[PDB]
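The next block holds one structure in the form of structure tokens; read it before the comments.
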Amino acid sequence: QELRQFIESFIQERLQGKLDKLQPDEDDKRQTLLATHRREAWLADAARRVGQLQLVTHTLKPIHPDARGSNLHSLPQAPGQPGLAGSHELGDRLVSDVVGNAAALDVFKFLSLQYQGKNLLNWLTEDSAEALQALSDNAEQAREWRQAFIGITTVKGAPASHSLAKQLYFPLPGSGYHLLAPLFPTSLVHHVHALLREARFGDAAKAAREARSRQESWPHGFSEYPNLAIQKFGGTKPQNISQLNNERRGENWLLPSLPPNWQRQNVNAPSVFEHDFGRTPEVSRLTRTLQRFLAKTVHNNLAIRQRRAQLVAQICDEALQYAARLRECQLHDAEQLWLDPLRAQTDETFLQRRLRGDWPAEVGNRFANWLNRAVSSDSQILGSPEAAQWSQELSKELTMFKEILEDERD
Amino acid sequence: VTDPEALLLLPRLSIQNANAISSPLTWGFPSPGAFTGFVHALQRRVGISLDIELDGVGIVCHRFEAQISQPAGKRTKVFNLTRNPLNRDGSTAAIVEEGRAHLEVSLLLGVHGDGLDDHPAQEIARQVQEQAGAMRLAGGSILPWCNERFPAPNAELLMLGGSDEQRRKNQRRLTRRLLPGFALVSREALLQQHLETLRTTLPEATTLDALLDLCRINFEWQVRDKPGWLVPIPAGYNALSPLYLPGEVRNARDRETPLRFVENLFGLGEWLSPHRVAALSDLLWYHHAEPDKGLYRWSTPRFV
Amino acid sequence: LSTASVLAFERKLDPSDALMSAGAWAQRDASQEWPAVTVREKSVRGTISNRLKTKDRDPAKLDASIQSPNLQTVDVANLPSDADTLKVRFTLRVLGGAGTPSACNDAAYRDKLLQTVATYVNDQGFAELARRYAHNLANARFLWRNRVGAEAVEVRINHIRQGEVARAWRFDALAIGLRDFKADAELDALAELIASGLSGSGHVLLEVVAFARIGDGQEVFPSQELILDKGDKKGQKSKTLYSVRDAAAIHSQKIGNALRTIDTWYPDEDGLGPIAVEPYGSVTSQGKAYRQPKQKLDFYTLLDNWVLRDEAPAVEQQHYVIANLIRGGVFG
Amino acid sequence: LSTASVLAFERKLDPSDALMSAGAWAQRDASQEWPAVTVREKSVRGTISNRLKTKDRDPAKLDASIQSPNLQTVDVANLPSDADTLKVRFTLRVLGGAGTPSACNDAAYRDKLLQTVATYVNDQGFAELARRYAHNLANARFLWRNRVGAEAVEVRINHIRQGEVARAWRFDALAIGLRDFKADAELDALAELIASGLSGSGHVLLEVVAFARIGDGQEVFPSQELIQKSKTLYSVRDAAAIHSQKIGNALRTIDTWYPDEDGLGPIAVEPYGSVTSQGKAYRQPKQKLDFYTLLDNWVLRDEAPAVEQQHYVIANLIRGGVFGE
Amino acid sequence: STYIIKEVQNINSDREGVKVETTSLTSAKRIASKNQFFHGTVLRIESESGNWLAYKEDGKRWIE
Amino acid sequence: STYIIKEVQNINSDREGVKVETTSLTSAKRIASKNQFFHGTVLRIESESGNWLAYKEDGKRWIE
DNA sequence: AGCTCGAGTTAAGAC
DNA sequence: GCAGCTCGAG
DNA sequence: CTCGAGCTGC
DNA sequence: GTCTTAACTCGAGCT
């Protein structure tokens, strides 16, 4: 019978706030509108003024202030058959806010208490004894008001998209298409944003960053989100935009989704004695990653046999990209056969006798030598098959490299 | 997931002022759905005239140049907006979020239409490139290839005929011109593997994607390692409401197909160099939809 | 037969970014390898010289406001040490099928619109609009400030077909009137080609190259890049110039806005010259919006009447309506 | 007829950056290929020369400070070991249409302004402003500190038409009075050319090249860039230069009609007659000489101020700015 | 609470400011508005250190 | 964690150091200060490799 | 200490 | 092996 | 002011 | 029903 300790409490907790600005001329016409309202009438305004707003989790407004559409709260769907992951795997922690008039927002804060100390969100649609025994309000008003408190969580009564709703077509298997009218996922957005609030500038995460700065090891893990992008959607004013956005800063962080060539470089590789040197951030980072696994034992024969093999594949592919961006002297001569300079057709024999069947395939050995000069020649694993099997990995990778090299122009 | 008989390769397609958001929680290269629908629309206009079938689209990103400015307060970048025209009332315009960037991409079109044999492959390629130029991809203009240098033609290669030696030689020849850019493919296997791996900690799916796509540091120091470039992508649109007849949905731009309110569904994609893939057809993205369940995904099943 | 709640038209005559470079007028005809203009940073020190808000009775307060100057870091683009000619290169495409709506709610409305469009085309072709666009392309109206104070402006338009061959034309912006449109054989040919492209020939590509004589070390005026986010710290750039491929350029839409400056039939026509083809005849620079909706010249009103009520407006209004449809937007 | 909340005037007489180089005064006739002055860095120590708080000023505080000196890095540009002449090259253009507003909210205001401007031009031409500008171009006022302590300063102003040199001019900055404007045939001709250009009678392009004798290995004073490192010099293409605005500010040192008649002499045309070095702004708004008041009265109320004030107003319109509300 | 009130043409600029030493930010905002010598300047309230507290455009409301 | 504590006249020098093998840098800093054998030397902490971790002048605080 | 000012916040006319 | 004590950073 | 962590004596 | 401006109360600095 504790519901009254929430309704008669929260409202009384609310009235006391309505007294800070209340004079003897206002305390009279507000006495029964607040004091007695805590009993039955403060809720009367709600069930009468709940149709003004609408609790939802996916809205249309974020895509334009002028647009008008249909907001939705219901999401029981979850058809994720392979790893797929989105708004359909929350279940709980569904933090939802309202859509409508800016006049009344605390009316929703009263409904927001549907979990503040009990399972009242389940009682907001059932458990009438909670309202008919503790709240002791009539079922003709209380449970009827409970309906208008549930009607706030459903559509106004008509479906509709808009000309700016950002619709699409969509094909089907051998038959005619269907079109979707997607919306904004406020709930998932807020879940992610709370995660980011917690990790980006949390207390424990900040302490872990301090530990990384002081080179001190303790039992905690911290991560960094770079290259976020800020979206100032909803307009300058929080009002006229999603209430959750208004509660938050009003800017939605977007996780980077760029390809590996976003921050391009100014191609300048005409250093000529430095043919295989070619040092850049990706190259040196891959080299440091290899040397960091070179300081491991053979207890991870398999683990270090793939990550390092995949890594050298990445390295040779990055060298291929170097060559490509070049395409578009002795130390560059054999490289002039690997790094075909301009696909030179001018030279008669230097381009059809020194290149026709003359793909200097020693460049692979040049690069293997540069790598052996990069990753230390620690004999700790050379005695056993650890570094010898690493050499075999290198060898077969460079063999596939030369297989791809043979046919530059042949 | 039909096996494509032949593949048409658009050598280079430049785009200016494209759509760089492509998703509520991510920004960057446009969603693959945009390309699948693009190829579908091409089939919709030229496919009927030439009686060809296009279902597979390959993606190679040659150049990506965004329009962003880094603020001095934080390390989070922002986009460069445009100026909207003055409203009719005469008051100042309202600023709205938008994105623009320069994207140079090359597309691979899987030709499943049997009619290809009835027409010259080179002519089909030229005709397709002509329509491709006038079309608008990702929400921005497609700039045709006009410059001081010679133009870049479209090469069509048949993958049904020939010995494995000729097939491999042709595939190698194609990769030679597609090397400057990196391809895009969807990897959901690792995502599910990690989900089961970290299920003990908490049964959170979004958390796993967030944790995987970040610089993870462990206390010891060291930085967590990933096998390749992994990034979130809009895997598809899950059904958010039941289907409604075209009349029920107001302001629908078409009365032929019913409207459905959907949400966003993510995944985990990987950027792999063309040389790693042996068969190009496994790279092509194919859209598959289920009428009963609202799951619509563009992931390429043949890659696995 | 009501209107369609959803109407959209893909824009036509969509240009691309405009790259810039510098060089010598002598080599302009024979050299197209001119190096690009790189953006640079400069500092400026200022004395507040704007209008006053406080009572103008404060002598020493004003002196103190002076002694506290203003500092800001800006971006400027200037030609090389020895360069008197500016080059701008941008392409332009004509898609066609202007009247063809991209999306329409009702089929009947779309058919009715197409019928009205066909009637208009039969009565009179787009030759008027094509000729107006021809003038804009010939002259440097797309250029905003570079044209002012120019000795000789030379525009060269090449129609790029699959191959390099083209019906290359050459004009003079200064000789051609900026505020007046005159007929010429070359202009007519170009207008005809544009009209064909607009009708939906299938492919149209126009490479525009401009050469403007400004002076050695002169300052060009590219399009300032908007941000909308000032920043939480000091030491920033209060002017960012748009640059692509480490070269300055002008936004595609800013060029496409100037190219469609054919609305000369506005009601006032009292001293004002050509105006941008925009709904409600809005103008950003002047800050006023001509053609308010109360009158009948409004685009929405004219189109609704001419479609539903079949009221044929003046030939001028019909041209304006077709121009707006070409520009595209969201209606209903 | 209230004023327009939005008013802007594109600047006229817009110069370019001013590059610098060195050479021998003898070779002055042929000055091309001369190597530019490259900025360099030099360590420099400091000490306590500023004003101490007599309370914070104590015997041992000084011993501490001077025993802990504030090092500093700065940038200076000096001529080569054997070089006595500095060279400055900057172009100048005359656009015209000074009165023509770039943007105006109300059409009536723009028309009224144009009418007043046309009336002024008809009554009297820009010959006065052009003649005053001519003096600044002839003399070295554009140079700020390089002129000080110079043996001989020679300015050469050419005229470029269609890529050819229409007419050249050679003057002497020292002989021409800095604070006094005297009439001369060459100055009059230059003023006529400038007046024609502003009125819109034809294109005007002026290449200004100055040669000042300072001394061997002397230290030039280029324009300092905005801010360890204290002083940062502006270099373009690995060459020292002077800012465009800094030159256009000096070229417009035409305001000598202030209400004080002090010995300061020429003042730059700036609203409210502000001066940074002197730290005082003449022509305060309390008086009627302020630019804003003058324009408001002479446009809306048709009150024609003195001819001098009209010249000042035209100079302000030429300078450009942001007006209204 | 020491607050530095500054005025500039553009929101991004550096200029000296007077030390108000007011109790709260609301006070500094109203003080800057009451004591303003120009129309196009942008009032910017800053603490004694280099951290920007808030700014206000001529035609816009306070923003942080 | 092997940390090399060195003493030198100028920040730029190559002089050998003792291997402390402490857990964290704060420990190495306190140890270096407590074990400084000279007044005008410049403490330089470096890892087992040649990478400079931090340096501290006689009259100045630690820098990274 | 009265009064000024502006910030914060309120609710009714008009669409 | 263990722990009081000293020292030096925050 | 309070707060870690290496050394030496029991 | 709706959003807007003008209105309210509110708080802090001169003279």
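So you can find residues: chains in the structure tokens are A, B, ... in the order shown, residues in each start at 1, and ligands are numbered from 1 in order.
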
Pull the closest atom pair for each residue of chain F that gets at most 12 Å from chain I, along with the distance in Å to one decimal, counting only C-alpha atoms (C1' of nucleotides), ordering rows by chain and then ascending residue number, as a Markdown table.
```
| residue | atom | partner | partner_atom | distance |
| --- | --- | --- | --- | --- |
| F:20 | CA | I:6 | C1' | 10.1 |
| F:21 | CA | I:6 | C1' | 11.5 |
| F:22 | CA | I:6 | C1' | 9.6 |
| F:23 | CA | I:5 | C1' | 9.9 |
| F:24 | CA | I:5 | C1' | 10.3 |
| F:25 | CA | I:4 | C1' | 11.6 |
| F:26 | CA | I:4 | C1' | 8.4 |
| F:27 | CA | I:5 | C1' | 6.8 |
| F:28 | CA | I:5 | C1' | 10.0 |
| F:29 | CA | I:5 | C1' | 11.3 |
| F:30 | CA | I:5 | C1' | 8.8 |
| F:31 | CA | I:6 | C1' | 7.8 |
| F:32 | CA | I:6 | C1' | 11.4 |
| F:34 | CA | I:6 | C1' | 10.1 |
| F:35 | CA | I:6 | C1' | 11.0 |
```

Among segment 74-182 of chain D, which residues does DSSP mark as helix (DSSP H, G or I) when it is run on the backbone? Keep the chain and numbering as in the structure and answer as a ChimeraX atom specification. /D:107-123,127-138

Need to verify the contact set: residue 103 of chain B, 6 Å, only C-alpha atoms (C1' of nucleotides), exclusion of same-chain residues closer than 2 positions in sequence. Can you return it as a ChimeraX atom specification? /B:14-15,63-64

Limited to C-alpha atoms, could you put the picked residues into a file as an mmCIF file, in the first residue's frame?
```
data_model
loop_
_atom_site.group_PDB
_atom_site.id
_atom_site.type_symbol
_atom_site.label_atom_id
_atom_site.label_comp_id
_atom_site.auth_asym_id
_atom_site.auth_seq_id
_atom_site.Cartn_x
_atom_site.Cartn_y
_atom_site.Cartn_z
ATOM 1 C CA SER B 14 33.793 10.615 -58.647
ATOM 2 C CA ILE B 15 31.202 12.185 -56.361
ATOM 3 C CA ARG B 63 39.569 8.630 -52.576
ATOM 4 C CA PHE B 64 37.698 10.084 -49.590
#
```

Check the DSSP output for the backbone and give back, as JSON, numbers by chain, the residues of chain F in strand (DSSP E or B). {"F": [3, 4, 5, 6, 18, 19, 43, 44, 45, 46, 47, 52, 53, 54, 55, 56, 63]}

Given the selection you just returned, output its residues as a file containing N, CA, C and O atoms, formatted as a PDB file, in the first residue's frame.
```
ATOM      1  N   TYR F   3      64.176   1.142 -15.402  1.00  0.00           N
ATOM      2  CA  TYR F   3      64.346   2.565 -15.657  1.00  0.00           C
ATOM      3  C   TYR F   3      65.803   2.917 -15.397  1.00  0.00           C
ATOM      4  O   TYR F   3      66.382   2.502 -14.388  1.00  0.00           O
ATOM      5  N   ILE F   4      66.392   3.675 -16.315  1.00  0.00           N
ATOM      6  CA  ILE F   4      67.781   4.102 -16.221  1.00  0.00           C
ATOM      7  C   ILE F   4      67.845   5.528 -15.696  1.00  0.00           C
ATOM      8  O   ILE F   4      67.337   6.456 -16.336  1.00  0.00           O
ATOM      9  N   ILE F   5      68.458   5.708 -14.529  1.00  0.00           N
ATOM     10  CA  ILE F   5      68.610   7.020 -13.918  1.00  0.00           C
ATOM     11  C   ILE F   5      70.006   7.517 -14.262  1.00  0.00           C
ATOM     12  O   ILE F   5      71.001   6.850 -13.955  1.00  0.00           O
ATOM     13  N   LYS F   6      70.084   8.681 -14.900  1.00  0.00           N
ATOM     14  CA  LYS F   6      71.354   9.258 -15.305  1.00  0.00           C
ATOM     15  C   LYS F   6      71.515  10.684 -14.798  1.00  0.00           C
ATOM     16  O   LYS F   6      70.540  11.384 -14.511  1.00  0.00           O
ATOM     17  N   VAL F  18      72.246   3.479 -13.393  1.00  0.00           N
ATOM     18  CA  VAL F  18      71.929   2.273 -12.636  1.00  0.00           C
ATOM     19  C   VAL F  18      70.513   1.836 -12.991  1.00  0.00           C
ATOM     20  O   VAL F  18      69.644   2.665 -13.284  1.00  0.00           O
ATOM     21  N   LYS F  19      70.265   0.528 -12.968  1.00  0.00           N
ATOM     22  CA  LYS F  19      68.940  -0.002 -13.278  1.00  0.00           C
ATOM     23  C   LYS F  19      68.177  -0.175 -11.968  1.00  0.00           C
ATOM     24  O   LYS F  19      68.528  -1.021 -11.142  1.00  0.00           O
ATOM     25  N   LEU F  43      69.003  15.356 -14.250  1.00  0.00           N
ATOM     26  CA  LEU F  43      68.488  13.996 -14.188  1.00  0.00           C
ATOM     27  C   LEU F  43      67.739  13.679 -15.475  1.00  0.00           C
ATOM     28  O   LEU F  43      66.942  14.490 -15.959  1.00  0.00           O
ATOM     29  N   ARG F  44      67.997  12.499 -16.033  1.00  0.00           N
ATOM     30  CA  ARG F  44      67.325  12.048 -17.246  1.00  0.00           C
ATOM     31  C   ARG F  44      66.911  10.599 -17.060  1.00  0.00           C
ATOM     32  O   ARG F  44      67.772   9.726 -16.927  1.00  0.00           O
ATOM     33  N   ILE F  45      65.614  10.339 -17.050  1.00  0.00           N
ATOM     34  CA  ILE F  45      65.120   8.978 -16.903  1.00  0.00           C
ATOM     35  C   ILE F  45      64.803   8.442 -18.287  1.00  0.00           C
ATOM     36  O   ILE F  45      64.139   9.103 -19.094  1.00  0.00           O
ATOM     37  N   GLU F  46      65.298   7.239 -18.564  1.00  0.00           N
ATOM     38  CA  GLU F  46      65.089   6.573 -19.837  1.00  0.00           C
ATOM     39  C   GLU F  46      64.839   5.092 -19.600  1.00  0.00           C
ATOM     40  O   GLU F  46      65.288   4.522 -18.604  1.00  0.00           O
ATOM     41  N   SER F  47      64.115   4.477 -20.529  1.00  0.00           N
ATOM     42  CA  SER F  47      63.788   3.065 -20.430  1.00  0.00           C
ATOM     43  C   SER F  47      65.016   2.238 -20.801  1.00  0.00           C
ATOM     44  O   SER F  47      66.107   2.765 -21.039  1.00  0.00           O
ATOM     45  N   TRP F  52      64.066   8.518 -24.487  1.00  0.00           N
ATOM     46  CA  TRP F  52      64.068   9.392 -23.321  1.00  0.00           C
ATOM     47  C   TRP F  52      62.671   9.432 -22.716  1.00  0.00           C
ATOM     48  O   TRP F  52      61.703   9.776 -23.402  1.00  0.00           O
ATOM     49  N   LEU F  53      62.562   9.082 -21.433  1.00  0.00           N
ATOM     50  CA  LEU F  53      61.257   9.093 -20.784  1.00  0.00           C
ATOM     51  C   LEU F  53      60.917  10.483 -20.256  1.00  0.00           C
ATOM     52  O   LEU F  53      59.832  11.010 -20.521  1.00  0.00           O
ATOM     53  N   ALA F  54      61.839  11.084 -19.504  1.00  0.00           N
ATOM     54  CA  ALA F  54      61.648  12.418 -18.951  1.00  0.00           C
ATOM     55  C   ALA F  54      62.997  12.976 -18.521  1.00  0.00           C
ATOM     56  O   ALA F  54      63.982  12.241 -18.404  1.00  0.00           O
ATOM     57  N   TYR F  55      63.025  14.285 -18.288  1.00  0.00           N
ATOM     58  CA  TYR F  55      64.229  14.973 -17.843  1.00  0.00           C
ATOM     59  C   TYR F  55      63.840  16.027 -16.815  1.00  0.00           C
ATOM     60  O   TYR F  55      62.712  16.526 -16.801  1.00  0.00           O
ATOM     61  N   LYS F  56      64.791  16.364 -15.948  1.00  0.00           N
ATOM     62  CA  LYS F  56      64.575  17.362 -14.908  1.00  0.00           C
ATOM     63  C   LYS F  56      65.838  18.179 -14.686  1.00  0.00           C
ATOM     64  O   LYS F  56      66.889  17.625 -14.355  1.00  0.00           O
ATOM     65  N   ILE F  63      59.764  17.206 -16.612  1.00  0.00           N
ATOM     66  CA  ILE F  63      59.091  17.465 -17.878  1.00  0.00           C
ATOM     67  C   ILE F  63      59.100  16.184 -18.698  1.00  0.00           C
ATOM     68  O   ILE F  63      59.991  15.339 -18.558  1.00  0.00           O
TER      69      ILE F  63
END
```

Contacts of residue 61 of chain C within 12 Å, only C-alpha atoms (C1' of nucleotides), excl. fewer than 6 positions in-chain, as a ChimeraX atom specification: /C:54-55,67-68 /D:279-281,284 /E:35-38

If you keep N, CA, C and O atoms, can you produce a file of those selected residues as a CSV table (one decimal), in the first residue's frame?
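File written: part_27.csv
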```csv
chain,number,residue,atom,x,y,z
C,54,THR,N,26.4,53.0,-26.4
C,54,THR,CA,26.4,53.9,-25.3
C,54,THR,C,26.3,55.4,-25.7
C,54,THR,O,26.4,55.7,-26.9
C,55,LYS,N,25.9,56.2,-24.8
C,55,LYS,CA,25.9,57.7,-25.1
C,55,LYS,C,27.2,58.1,-25.6
C,55,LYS,O,28.3,57.8,-25.0
C,67,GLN,N,42.6,51.9,-27.3
C,67,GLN,CA,43.9,51.3,-26.8
C,67,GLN,C,43.7,49.8,-26.6
C,67,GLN,O,44.8,49.1,-26.5
C,68,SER,N,42.5,49.3,-26.6
C,68,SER,CA,42.3,47.9,-26.6
C,68,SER,C,41.9,47.4,-28.0
C,68,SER,O,40.7,47.3,-28.2
D,279,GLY,N,47.2,56.7,-29.2
D,279,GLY,CA,46.2,56.2,-28.3
D,279,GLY,C,45.0,57.1,-28.0
D,279,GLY,O,44.3,56.8,-27.1
D,280,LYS,N,44.7,58.1,-28.9
D,280,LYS,CA,43.6,58.9,-28.8
D,280,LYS,C,42.9,59.0,-30.1
D,280,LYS,O,43.5,58.9,-31.2
D,281,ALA,N,41.6,59.1,-30.1
D,281,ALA,CA,40.7,59.1,-31.3
D,281,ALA,C,40.1,60.5,-31.4
D,281,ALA,O,39.2,60.8,-30.6
D,284,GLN,N,35.6,62.9,-31.9
D,284,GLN,CA,34.7,62.1,-31.0
D,284,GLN,C,33.3,62.3,-31.4
D,284,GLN,O,33.0,63.4,-32.0
E,35,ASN,N,26.6,47.5,-19.6
E,35,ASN,CA,27.8,48.3,-20.0
E,35,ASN,C,28.4,47.8,-21.3
E,35,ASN,O,29.2,46.9,-21.3
E,36,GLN,N,27.8,48.3,-22.4
E,36,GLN,CA,28.3,47.9,-23.7
E,36,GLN,C,28.5,49.2,-24.5
E,36,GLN,O,27.5,50.0,-24.7
E,37,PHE,N,29.7,49.3,-25.1
E,37,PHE,CA,30.0,50.5,-25.9
E,37,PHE,C,29.8,50.3,-27.4
E,37,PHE,O,30.0,51.3,-28.1
E,38,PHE,N,29.4,49.1,-27.8
E,38,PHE,CA,29.2,48.9,-29.3
E,38,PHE,C,28.0,47.9,-29.5
E,38,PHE,O,27.6,47.2,-28.6
```

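Near chain E, the residues of chain J that fall inside 9 Å (using only C-alpha atoms (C1' of nucleotides)) are residues 11, 12 and 13 of chain J.
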
Report as an MDAnalysis selection string all protein, DNA and RNA residues lying within 9 Å of segment 186-202 of chain D, evaluated on only C-alpha atoms (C1' of nucleotides), omitting residues in the same chain fewer than 4 positions from it. (chainID C and resid 151) or (chainID D and resid 12:13 93:98 121 125:135 138 169:171 182)

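Between atom CA of residue 162 of chain C and atom CA of residue 151 of chain B the separation is 8.4 Å.
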
Report as a ChimeraX atom specification the set of chain J residues whose atoms approach chain A to within 12 Å, with distances computed over only C-alpha atoms (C1' of nucleotides). /J:1-3,9-10

How would the residues just picked look written out with N, CA, C and O atoms (P, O5', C5', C4', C3', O3' and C1' of nucleotides) as a PDB file, in the first residue's frame?
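Result written to again-v5.pdb:
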```pdb
ATOM      1  P    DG J   1      -7.649  23.563 -26.542  1.00  0.00           P
ATOM      2  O5'  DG J   1      -6.430  22.989 -27.405  1.00  0.00           O
ATOM      3  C5'  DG J   1      -6.203  21.586 -27.471  1.00  0.00           C
ATOM      4  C4'  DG J   1      -5.127  21.257 -28.491  1.00  0.00           C
ATOM      5  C3'  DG J   1      -3.814  22.001 -28.297  1.00  0.00           C
ATOM      6  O3'  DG J   1      -2.709  21.205 -28.721  1.00  0.00           O
ATOM      7  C1'  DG J   1      -4.906  22.776 -30.280  1.00  0.00           C
ATOM      8  P    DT J   2      -1.229  21.521 -28.180  1.00  0.00           P
ATOM      9  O5'  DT J   2      -0.687  22.647 -29.179  1.00  0.00           O
ATOM     10  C5'  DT J   2      -0.440  22.326 -30.543  1.00  0.00           C
ATOM     11  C4'  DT J   2      -0.100  23.571 -31.344  1.00  0.00           C
ATOM     12  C3'  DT J   2       0.977  24.453 -30.739  1.00  0.00           C
ATOM     13  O3'  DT J   2       2.278  24.001 -31.113  1.00  0.00           O
ATOM     14  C1'  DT J   2      -0.869  25.781 -31.518  1.00  0.00           C
ATOM     15  P    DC J   3       3.543  24.281 -30.161  1.00  0.00           P
ATOM     16  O5'  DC J   3       4.048  25.731 -30.607  1.00  0.00           O
ATOM     17  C5'  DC J   3       4.458  25.960 -31.951  1.00  0.00           C
ATOM     18  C4'  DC J   3       4.738  27.432 -32.192  1.00  0.00           C
ATOM     19  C3'  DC J   3       5.936  27.993 -31.423  1.00  0.00           C
ATOM     20  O3'  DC J   3       6.719  28.846 -32.255  1.00  0.00           O
ATOM     21  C1'  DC J   3       3.974  29.205 -30.845  1.00  0.00           C
ATOM     22  P    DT J   9       4.676  41.498 -10.889  1.00  0.00           P
ATOM     23  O5'  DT J   9       5.916  40.570 -10.484  1.00  0.00           O
ATOM     24  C5'  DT J   9       5.708  39.194 -10.191  1.00  0.00           C
ATOM     25  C4'  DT J   9       7.024  38.436 -10.170  1.00  0.00           C
ATOM     26  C3'  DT J   9       7.939  38.769  -8.985  1.00  0.00           C
ATOM     27  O3'  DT J   9       8.377  37.579  -8.333  1.00  0.00           O
ATOM     28  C1'  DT J   9       9.117  39.035 -11.040  1.00  0.00           C
ATOM     29  P    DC J  10       9.211  37.669  -6.962  1.00  0.00           P
ATOM     30  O5'  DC J  10      10.734  37.770  -7.442  1.00  0.00           O
ATOM     31  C5'  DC J  10      11.348  36.663  -8.095  1.00  0.00           C
ATOM     32  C4'  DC J  10      12.666  37.065  -8.734  1.00  0.00           C
ATOM     33  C3'  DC J  10      13.660  37.734  -7.804  1.00  0.00           C
ATOM     34  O3'  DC J  10      14.442  36.763  -7.112  1.00  0.00           O
ATOM     35  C1'  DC J  10      13.600  38.807  -9.970  1.00  0.00           C
TER      36       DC J  10
END
```

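Atom CA of residue 334 of chain A to atom CA of residue 368 of chain A spans 14.1 Å [interatomic distance, one decimal].
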
Between atom CA of residue 53 of chain B and atom CA of residue 178 of chain A, what is the spacing in Å? 19.4 Å

Residues near residue 32 of chain B, anyone? I mean within 10 Å using only C-alpha atoms (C1' of nucleotides), not counting same-chain ones fewer than 3 positions away, as a PyMOL selection string. chain B and resi 22+29+35-38+57-59+138+184-186+233-236+285-287+297-299

Residues near segment 150-164 of chain D, cut-off 6 Å, only C-alpha atoms (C1' of nucleotides), skip fewer than 3 positions along chain, as a ChimeraX atom specification: /D:147,167-173,205-214

Residues from the last selection, C-alpha atoms, saved as a PDB file, in the first residue's frame:
```
ATOM      1  CA  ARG D 147      62.134  55.047 -44.134  1.00  0.00           C
ATOM      2  CA  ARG D 167      53.614  55.423 -68.248  1.00  0.00           C
ATOM      3  CA  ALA D 168      56.340  55.358 -65.605  1.00  0.00           C
ATOM      4  CA  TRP D 169      57.065  57.770 -62.762  1.00  0.00           C
ATOM      5  CA  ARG D 170      60.104  58.311 -60.550  1.00  0.00           C
ATOM      6  CA  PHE D 171      59.899  60.443 -57.410  1.00  0.00           C
ATOM      7  CA  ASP D 172      61.865  61.259 -54.263  1.00  0.00           C
ATOM      8  CA  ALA D 173      60.144  60.698 -50.922  1.00  0.00           C
ATOM      9  CA  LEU D 205      46.838  48.958 -62.298  1.00  0.00           C
ATOM     10  CA  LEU D 206      49.883  50.367 -60.499  1.00  0.00           C
ATOM     11  CA  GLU D 207      53.079  48.446 -59.730  1.00  0.00           C
ATOM     12  CA  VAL D 208      54.924  50.274 -56.935  1.00  0.00           C
ATOM     13  CA  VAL D 209      58.633  49.598 -56.396  1.00  0.00           C
ATOM     14  CA  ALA D 210      60.627  51.498 -53.765  1.00  0.00           C
ATOM     15  CA  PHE D 211      64.379  51.570 -53.116  1.00  0.00           C
ATOM     16  CA  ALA D 212      65.612  52.986 -49.789  1.00  0.00           C
ATOM     17  CA  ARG D 213      69.250  53.330 -48.689  1.00  0.00           C
ATOM     18  CA  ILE D 214      69.584  52.153 -45.083  1.00  0.00           C
TER      19      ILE D 214
END
```

Please report as an MDAnalysis selection string which residues of chain C come no farther than 6 Å from chain D, using only C-alpha atoms. chainID C and resid 43 49 56:57 63 67 149 217:218 285:287

Residues of chain C within 12 Å of chain A, counting only C-alpha atoms, as a list in words: residues 4, 5, 6, 7, 8, 103, 104, 105, 227, 228, 229, 245, 246, 329, 330, 331 and 332 of chain C
